[PDB]
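There is one chain below, alone, in structure tokens, taken in the form deposited in one PDB entry.
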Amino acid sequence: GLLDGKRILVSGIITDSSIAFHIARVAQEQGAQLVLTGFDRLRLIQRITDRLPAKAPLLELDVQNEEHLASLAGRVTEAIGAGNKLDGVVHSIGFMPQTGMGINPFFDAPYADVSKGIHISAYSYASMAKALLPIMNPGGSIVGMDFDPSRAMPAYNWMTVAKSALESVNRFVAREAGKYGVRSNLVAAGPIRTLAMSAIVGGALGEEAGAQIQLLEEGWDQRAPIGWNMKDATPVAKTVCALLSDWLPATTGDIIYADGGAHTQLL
């Protein structure tokens, strides 16, 4: 298997449609031994991850909780055994209050809300690296999930701004992680029809926002030279596993686009 013998921490599972769920599944299919982290609804997350191919300990991690972050390495070590370290870390965490997305006007989002989104979606990539680098092996790999923010788009609003911040954080995390012989990269995925995204398309954050996302999805598959299936997270999960493997050893501070090639085409 691609990840045989690797110990990998995967954050961000909340439903069976979470990108992290598919990352975890593919990593286990490829021989990785996982530790999972979940936010707030741990009973739910345990029941969800019961469906993964193999057993994996679940640890609580709210990335806005300083105590959780300060205890995290020790809790991971307890889970994988003293004297063992991680080979991989997956950050698949994102959040923006509803004022910061959808039809809610861009100018009307209070900074308190934007700040909460940037905390969870961008600063926490650095928070997790700080917490886990001391228990990572040389040759290891930190991977985060990104959505290409280099151009503005409808409805994504401040979440786009948070992703622009994350891309910058990643380049700095790479400097720190390099001291440990560890790589840091993001995977910029195309749109994936998770539960929350389906709810948005259905109008949860306003009708015109749903309409705009639907147009965005359609354009994506049209632009993608090999097409793009928003209902299939597996290609994205495979790409994360590629970055976790030994096969991209000279790539760091970087962004790998798992988007069907859409970002390379104007139309």
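For every residue, the number given is its place in the sequence shown, counted from 1. We call the rigid core whatever largest set of C-alpha positions still superposes within 1.5 Å between the two forms.
As listed in the deposited structure, the average C-alpha B-factor of 34-42 and of 237-245 is greater for 34-42. Comparing 108-116 with 168-176, the higher mean C-alpha B-factor in the PDB entry belongs to 108-116. As recorded in the PDB entry, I80 shows the highest C-alpha B-factor of the residues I93, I80, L132, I192. The residue among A27, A224, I48, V201 whose C-alpha carries the highest B-factor in the deposited model is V201. Residue-level temperature factors show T99 in the middle third of its chain, judged at the C-alpha atom.
The PDB entry assigns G74 a C-alpha temperature factor belonging to the highest third of its chain's modelled residues. Looking at the C-alpha B-factors along this chain, the one for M153 belongs to the highest third. Per the deposited record, the Cα B-factor of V143 falls in the lowest third when ranked against the other modelled residues of its chain. Among all modelled residues in this chain, the alpha-carbon of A196 has a temperature factor (C-alpha) in the highest third.
Keep in mind that the form deposited in another entry is missing from the display, and what follows is about it.
Only one of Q214, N65, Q46, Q222 has its Cα shifted by 2 Å or more between the shown form and the other one after fitting on the core, and that residue is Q214. The two forms, fitted on the rigid core, differ between the shown form and the other one by less than 2 Å at the CA of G31. With the core held fixed, the Cα of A242 is displaced between the shown form and the other one by less than 2 Å. After superposing the rigid core, the C-alpha of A233 moves by less than 2 Å between the shown form and the other one.
CA of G117 to CA of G202: closer by 3 Å or more in that other deposited form than in the shown form. The pair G210 and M159 is looser in that other deposited form: their Cα-Cα distance rises by no less than 3 Å compared with this form.
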